[PDB]
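Student: Using this note's numbering, you'd call the opening residue of the sequence shown number 2 and step up by one each time.
Handing you a structure now.
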Amino acid sequence: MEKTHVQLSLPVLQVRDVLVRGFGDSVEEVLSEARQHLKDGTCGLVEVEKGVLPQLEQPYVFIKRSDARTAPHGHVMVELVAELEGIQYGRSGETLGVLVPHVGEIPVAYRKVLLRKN
Ligand SMILES: Nc1nc2ccc(Br)cc2s1
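This is the structure:
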């Protein structure tokens with residue numbers, strides 16, 4: 002009964018503030034945990050610049066843009082793609098950032114997304 006997409010506003014975190022730097026130890030675990038934290042409202046977003054990924058823990062979970070005309074209600078359509086050792090699991094568009102657990106860090110902005118469930 003899960004709708005295919007859900008509107009979310011994600012807190013954007015600075016990399017040096019992040020206390021839990023990843024979701025787990027395998028591609029399937031990080032995708033699973035990211036989905037659970039999105040459902041629980043406990044997922045943040047770090048924007049990727051030089052130096053960011055080496056300060057976070059692999060496997061990475063990215064949100065990537067899934068289309069070009071759908072910004073329904075101001076929310077960009079996105080889907081999840083994981084990365085381990087330079088191999089990516091999914092193919093999608095431009096990266097909006099890397100997802101991490103949110104445990105109370107103060108954000109610098111909020112990013113509105115329309116997230117594809119599965
Ligand atoms: N299978 C499921 N994946 C997700 C991702 C995000 C949100 Br919010 C709920 C669910 S339930």
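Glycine residues also receive a C-beta, built at the ideal position from the N, C-alpha and C atoms.
What did DSSP end up calling residue 1 once you bin it into helix, strand or coil?
Tutor: Any answer about residue 1 is impossible in this case: the structure gives the chain only from 2 up to 119.
Student: Going by the C-beta, is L32 closer than 6 Å to any heavy atom of ligand 1?
Tutor: No, the beta carbon of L32 sits no closer than 6 Å to any heavy atom of ligand 1.
Student: In terms of alpha-carbon separation, which member of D18, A72, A110 and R22 lies closest to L116?
Tutor: Out of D18, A72, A110 and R22, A72 has the C-alpha closest to the C-alpha of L116.
Student: How many Å lie between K118 and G23 at the Cα?
Tutor: Near 20 Å, if we compare the C-alpha coordinates of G23 and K118.
Student: Using DSSP with H/G/I as helix, E/B as strand and the rest coil, what is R70?
Tutor: In the structure shown, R70 sits in coil (DSSP, three-state: anything other than H, G, I, E or B).
Student: Do the CB positions of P60 and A35 come within less than 7 Å of each other?
Tutor: Taking 7 Å as the Cβ cut-off, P60 and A35 do not qualify as a contacting pair.
Student: Mark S10 as exposed unless 16 or more other C-beta atoms lie within 10 angstroms of its C-beta, in which case mark it buried.
Tutor: Under this definition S10 is an exposed residue.
Student: Excluding the 5 residues flanking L57 on each side, which residues of the same chain have their C-beta closer than 8 Å to its C-beta?
Tutor: Result list for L57: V16, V19, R22, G23, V47, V99 and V101, in chain order.
Student: Please name the residue in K40, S33 and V31 whose C-alpha comes closest to that of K4.
Tutor: Looking at the Cα atoms, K40 is the closest of the given residues.
Student: Go ahead and label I64 buried or exposed: buried means 16 or more other beta carbons lie within 10 angstroms of its beta carbon, across all protein chains shown.
Tutor: Buried, by the Cβ-count rule.
Student: Return the CA-CA distance between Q8 and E86, expressed in angstroms with no decimal places.
Tutor: Straight-line Cα distance between these residues: approximately 31 Å.
Student: So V77 and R92 are supposed to be a Cβ contact under 8 Å. How far apart are they, rounded?
Tutor: With a Cβ gap of about 18 Å, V77 and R92 do not count as contacting.
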